[PDB]
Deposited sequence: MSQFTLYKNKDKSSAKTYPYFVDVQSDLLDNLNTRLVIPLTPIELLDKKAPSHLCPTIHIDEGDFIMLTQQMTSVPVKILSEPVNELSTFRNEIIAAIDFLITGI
């Protein structure tokens, strides 16, 4: 479901982007891809990028690294970020439409 948080199992990227949030509308679930945004631990990053506080840790959502992935790579739905939907949607809006 949109806003579900998946554990990233890609070997090259998991250590930088441990989780991906699905941001694609559930109306489009027929597609074989999902638009996702990676989260990075806040300690790693030394408006556009919401800070997310969840059982898994404190993260920054790297909206600018949003990308389409195959639905097949999404696994282990550790959490979901729907209560933060307003901030997430606003960040995507900012990436595309600015101020």
Item to check | Where the deposited sequence has no C-alpha coordinates (positions from 1, in order) | outcome: 1, 48 to 52
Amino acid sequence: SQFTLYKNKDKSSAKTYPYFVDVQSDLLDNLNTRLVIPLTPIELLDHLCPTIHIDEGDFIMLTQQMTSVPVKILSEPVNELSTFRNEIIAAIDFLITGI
From here on, numbers count along this sequence of modelled residues.
Item to check | Missing coords for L44 in a third or more of other PDB entries | outcome: yes
Checklist entry - Comparing 8 to 16 with 77 to 85, which stretch shows the greater average C-alpha B-factor in the deposited entry? => result 8 to 16
Item to check | Identity of residue with top Cα B-factor, from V69, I54, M61, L45 | outcome: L45
Checklist outcome for this item: Entry-reported C-alpha B-factor of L31 relative to its chain, by third, is middle
Next on the checklist: By the recorded C-alpha temperature factor, relative to the other modelled residues in its chain, which third is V21 in?
Outcome noted: lowest
Item to check | Among modelled residues of the same chain, the CA temperature factor third for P38 | outcome: lowest
